[PDB]
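*Asks:* This block holds the first chain(s) of the complex, placed as they are in the complex; more will follow:
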Amino acid sequence: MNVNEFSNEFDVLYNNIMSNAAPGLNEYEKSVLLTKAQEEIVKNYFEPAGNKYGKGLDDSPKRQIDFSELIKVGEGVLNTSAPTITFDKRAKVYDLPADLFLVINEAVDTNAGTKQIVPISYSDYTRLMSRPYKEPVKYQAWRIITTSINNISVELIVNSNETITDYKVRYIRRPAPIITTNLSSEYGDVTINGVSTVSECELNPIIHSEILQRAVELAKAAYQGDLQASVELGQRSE
């Protein structure tokens, strides 16, 4: 469904049938609520505990097809542009793509073959570095986030006497906002995520109805406006 259909069925589901009908929502408000509902839905469906099914990214066909249009593959750029201080002397710093929402798969291609990057926790890092070896298992590499400015910088730890040729990252692209109409105005240009032009929902049509329902629920919680509704509907932001 295109943006006009988002807005028309938003109006239908919000106030065109309600008995003591409420004021219609302005297009900026509808775009804001739709973008919020989109992000909430993405976060709810990525995490199993966030939805009533207990199903995350790839726990069912529907969850695969939900994020299928939001998956992207890119590469981390070696961060030798400027000097820096790494926590580990034997780690190579890489910069992830700017439009990164969530990392789901990483791999590094070295001279000793491809290796799956395992994101190790800080307590896990301490445990592993208290051991005599201090290097990954055969077909794996280690990873920790380092000092990041304006984009995520990442330290890749591989086994000794190994060089990294490329660093691929299969991630979830940051969703683009849903903007119903050109938000340009003479009184001031308002933006949802830095863009005023019309922006279609760049995800699969399977969850457009879900985004619409969530947006309507958020609109009605805003209309109710007491602390109660804000608190319970803020639980699903996550």
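*Replies:* Now that the structure is in, tell me what you want to look at. Residues are numbered from 1 along each chain as shown, chains lettered A, B, ... in the order given.

*Asks:* count of residues packed around residue A:133?
*Replies:* Residue A:133 has 9 neighbouring residues, counting by other Cβ atoms under 10 Å. (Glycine included, C-beta is placed from N, CA and C.)

*Asks:* Strands of chain A, start to end?
*Replies:* Applying DSSP state E to chain A gives strands spanning A:71-75, A:77-78, A:91-95, A:100-110, A:113-119, A:140-145, A:153-157, A:164-173.

*Asks:* Strand A:71-75 and the fourth one, what's the angle between them?
*Replies:* In this case it means strand A:100-110. Relative orientation of strand A:100-110 and strand A:71-75, computed by axes from the mean of the first three to the mean of the last three Cα atoms, to 10 degrees: 50 degrees.

*Asks:* Just want to check the distance between the spatially most central residue of chain A and residue A:172.
*Replies:* The residue lying closest to the centre of chain A (Cα atoms, centre = their mean) is residue A:101, at 2.9 Å. Taking Cβ to Cβ, to the nearest Å as the measure, residue A:101 falls 5 Å from residue A:172.

*Asks:* Figure out which of the strands of chain A is closest to residue A:227.
*Replies:* Closest of the strands of chain A to residue A:227 is strand A:100-110, at 30.3 Å (criterion: Cβ to Cβ).

*Asks:* could I have the closest one exported to PDB, CA atoms only?
*Replies:* Output in PDB follows, covering the C-alpha atoms of strand A:100-110 (Å, rounded to 0.1, in the frame of the first residue of the first chain):
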ATOM      1  CA  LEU A 100      23.000  -0.100  10.300                       C
ATOM      2  CA  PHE A 101      20.100  -1.100  12.600                       C
ATOM      3  CA  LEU A 102      21.100  -4.600  13.800                       C
ATOM      4  CA  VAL A 103      23.900  -7.000  13.000                       C
ATOM      5  CA  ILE A 104      22.700 -10.600  12.400                       C
ATOM      6  CA  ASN A 105      25.600 -12.200  10.600                       C
ATOM      7  CA  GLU A 106      29.300 -11.300  10.300                       C
ATOM      8  CA  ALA A 107      32.200 -13.100   8.500                       C
ATOM      9  CA  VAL A 108      35.800 -12.300   7.800                       C
ATOM     10  CA  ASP A 109      37.800 -13.700   4.800                       C
ATOM     11  CA  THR A 110      41.400 -14.100   5.800                       C
END
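
*Asks:* strand partners of that strand, parallel vs antiparallel please.
*Replies:* In the sheet, strand A:100-110 lines up against strand A:113-119 (antiparallel), strand A:164-173 (antiparallel) (DSSP bridges).

*Asks:* include chain B too:
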Amino acid sequence: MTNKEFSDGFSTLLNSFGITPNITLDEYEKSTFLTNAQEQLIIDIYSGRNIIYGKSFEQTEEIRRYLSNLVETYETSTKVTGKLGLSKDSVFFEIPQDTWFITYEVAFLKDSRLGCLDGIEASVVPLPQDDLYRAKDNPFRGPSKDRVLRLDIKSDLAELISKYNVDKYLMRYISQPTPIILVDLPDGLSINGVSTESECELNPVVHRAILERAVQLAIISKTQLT
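*Replies:* That brings us to chain B, laid onto the chains above:
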């Protein structure tokens, strides 16, 4: 194996800092268990009470190769003067004080009474105190030109009962092994009086058995009340 290798292998065998429940020891604790395992193992090997080997001090090539580096030879001619013995012809010789078990022990005799046999090497026979009285007069098991009786007494001493004058006393014994100390211990701490690093002097063949025994002793120490 070196001290770094004792420590790294000991950690690997104990699964230190692995995901499963495990045990982690300090280098002093590691040194304590390694030295205890070393001394237990070599005493059991000498006496032949180890069920795995089941052989005594030099009963096979394996045990020879294991305890070859503790075998020290000693020679002395000085006699301790003022001491009370069980015979008029008793001379006392000091023991090297690092001795564990005496394995060979022989005595050279210098006396004019045994003519043209002077300097005869004589077998030093350890004799119990039951056997002493009936062995002074014994012509086949008592002191003679070719036999000397040795009795252990206080203050690390050997009372040699001989018919002829004893000139020199030769020994070959098992020595106190150097402890296995993996790190320069802080002030006050030491193992067998040693505070600095001490590598195992035995052969690398038995180092892995010592490591296994030390690991088992560590598990016993941590899991004897649970």
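
*Asks:* Take the neighbour count of residue A:133 again, chain B included.
*Replies:* Counted with other Cβ atoms under 10 Å in any protein chain shown, the neighbours of residue A:133 add up to 12.

*Asks:* Could you do residue B:20 as well?
*Replies:* Residue B:20: 5 neighbours (other Cβ under 10 Å).

*Asks:* ok, now which ones touch residue B:157?
*Replies:* Counting by Cβ atoms under 8 Å, 6 or more residues apart in numbering or on different chains, residue B:157 touches B:80, B:83, B:92, B:93, B:94, B:95.

*Asks:* Now list the buried members of these.
*Replies:* With burial judged by 16 or more other Cβ atoms under 10 Å in any protein chain shown, the buried subset of the contacts of residue B:157 is B:92, B:93, B:95.

*Asks:* residues in contact with the last one?
*Replies:* The one in question is residue B:95. Contacts for residue B:95 (Cβ under 8 Å, 6+ apart) come out as B:156, B:157, B:158.

*Asks:* Now for the contacts of residue B:157: which two are most distant?
*Replies:* Top of the distance list for the contacts of residue B:157 (Cβ to Cβ): B:83 and B:95, 13.6 Å.

*Asks:* And the helices in the chain?
*Replies:* Just going to use chain A. Using DSSP state H, the helices of chain A run over residues A:3-11, A:27-46, A:61-67, A:122-129, A:208-224, A:227-233.

*Asks:* hmm, I had chain B in mind actually
*Replies:* B:3-14, B:27-47, B:61-67, B:133-136, B:207-222.

*Asks:* Same list, these, but as CSV with mean neighbour count and distance to chain A please.
*Replies:* Output for the helices of chain B, formatted as CSV (neighbours: other Cβ atoms under 10 Å in any protein chain shown; distance: least, Cβ to the nearest Cβ, whole Å):
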stretch, mean neighbour count, distance to chain A
helix B:3-14, 18, 4
helix B:27-47, 20, 13
helix B:61-67, 16, 27
helix B:133-136, 14, 60
helix B:207-222, 18, 14
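
*Asks:* Mind putting these into a markdown table with distance to residue A:51?
*Replies:* Formatted as a markdown table, the helices of chain B follow (distance: least, Cβ to Cβ, whole Å):
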| stretch | distance to residue A:51 |
| --- | --- |
| helix B:3-14 | 44 |
| helix B:27-47 | 50 |
| helix B:61-67 | 66 |
| helix B:133-136 | 96 |
| helix B:207-222 | 46 |
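
*Asks:* what's the distance between the residue nearest to the centre of chain A and chain B?
*Replies:* Distance from residue A:101 to chain B, counting by Cβ to the nearest Cβ, to the nearest Å: 30 Å.

*Asks:* so that residue touches residue A:171, yeah?
*Replies:* Yes. With contacts counted by Cβ atoms under 8 Å, residue A:101 reaches residue A:171, the gap being 6.8 Å.
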